[PDB]
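S.K.: Protein chains in written order, with the numbering used here: chain A, 43 to 148; chain B, 43 to 148.
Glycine included, every Cβ here is placed at the ideal spot set by N, Cα and C.
Before we start, here is the structure in question, set down as structure tokens.
Protein chains: 2
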Amino acid sequence: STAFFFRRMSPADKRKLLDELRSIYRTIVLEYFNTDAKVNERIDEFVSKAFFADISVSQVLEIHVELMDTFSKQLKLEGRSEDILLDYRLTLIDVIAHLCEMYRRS
Amino acid sequence: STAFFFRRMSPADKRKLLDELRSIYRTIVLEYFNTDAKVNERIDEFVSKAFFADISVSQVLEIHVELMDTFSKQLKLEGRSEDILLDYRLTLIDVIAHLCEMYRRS
């Protein structure tokens with residue numbers, strides 16, 4: 043069980059890892075729904091690092107919500123224009139599903 | 043690893059188990075967003091049975107999509123009225139997240 047080993051080796055201060063995971067999740071969102079982009083590689087990278095870091099599913103959702111807020115602020119979305127982001131609920135399911143399958147298949 | 047044991051013991055024909063999982067997921071959807079209902083108990087029941095049955099995350103998504111289709115047919119939803127169902131994407135995240143945490147914490 044590499045999960046066991048990664049849990050054993052995971053640092054008390056996960057802030058740097060969380061920063062890296064945020065950065066990867068940003069690229070996933072930017073690349074999702076888009077053809078010709080390999081969001082598949084980026085999702086694998088996120089899942090691999092999340093598994094390595096032994097973060098909780100709550101922390102994954104937290105990263106997603108942080109990024110949705112960030113994009114809203116960056117694009118100056120007001121009121122109902124925030125709805126352009128709603129389809130990224132599919133991105134979140136995709137990421138959590140792939141993390142679940144990582145834990146299930148090893 | 044009970045996951046190991048459940049995989050070992052899981053039947054080749056999972057049709058009866060899938061039927062039971064569909065029935066539970068139906069009650070989850072009906073109870074979700076609703077206060078005074080303990081959808082928490084029903085979600086735990088689904089996750090427990092999914093773990094026991096060793097079904098894939100694809101099969102969980104398949105059950106969700108089957109049920110959304112069923113509710114649409116039962117309520118005679120046409121066109122844009124199907125959008126009343128979109129908030130159940132949150133239900134699906136909730137269920138897959140809880141399944142992921144089941145694999146992660148044991």
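Give the straight-line distance between the Cα atoms of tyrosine 145(B) and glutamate 143(A), rounded to the nearest whole angstrom.
M.R.: Here residue 145(B) corresponds to residue number 103 of the second sequence, with the count starting at 1. Here residue 143(A) corresponds to residue number 101 of the first sequence, with the count starting at 1. Using only the alpha carbons, I get a separation of about 9 Å.
S.K.: What does a CB cutoff of less than 7 Å around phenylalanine 94(A) pick up in its chain, not counting 5 residues either side in sequence?
M.R.: The sequence position of residue 94(A) within the first sequence is 52, counting from 1. Result list for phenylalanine 94(A): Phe48, in chain order.
S.K.: So within the stretch 64-143 of chain B, which uninterrupted alpha helix (DSSP H) runs reach at least 4 residues, ignoring any that extend past its ends?
M.R.: Segments of the alpha helix (DSSP H) lying fully in the stretch 64-143 of chain B: 81-95, 99-116.
S.K.: What's the C-alpha gap between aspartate 86(B) and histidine 106(B)?
M.R.: By one-based count along the second sequence, residue 86(B) stands at place 44. By one-based count along the second sequence, residue 106(B) stands at place 64. Approximately 16 Å between the Cα atoms of the pair.
S.K.: What is the DSSP secondary structure of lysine 58(A), counted as helix, strand or coil?
M.R.: The residue you call residue 58(A) lines up with position 16 of the first sequence. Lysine 58(A) falls in the helix class under three-state DSSP.
S.K.: For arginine 146(B), would you say it is in contact with chain A, using Cβ-to-Cβ distances shorter than 9 Å as the test?
M.R.: If you number the second sequence from 1, residue 146(B) lands on position 104. Yes, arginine 146(B) lies at the interface with chain A (some Cβ there is under 9 Å from its Cβ).
S.K.: Tell me the residue span of the alpha helix (DSSP H) that contains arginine 147(A).
M.R.: For the purposes of this step, residue 147(A) is identified with residue 105 of the first sequence, where counting begins at 1. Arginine 147(A) -> no alpha helix (DSSP H), and no H or E assigned at all.
S.K.: Could one say the Cβ of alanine 139(B) lies closer than 9 Å to chain A's Cβ atoms, at least one of them?
M.R.: Translated into positions along the second sequence, residue 139(B) becomes position 97. At least one chain A Cβ lies under 9 Å of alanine 139(B).
S.K.: Return the Cβ separation of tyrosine 67(B) and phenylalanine 88(B) in integer angstroms, given the expectation that the two are a contact with Cβ distance under 8 Å.
M.R.: On the second sequence, residue 67(B) is found 25 positions in, with the first residue counted as 1. On the second sequence, residue 88(B) is found 46 positions in, with the first residue counted as 1. Right, the Cβ-Cβ distance comes to about 6 Å (below 8 Å), so this counts as a contact.
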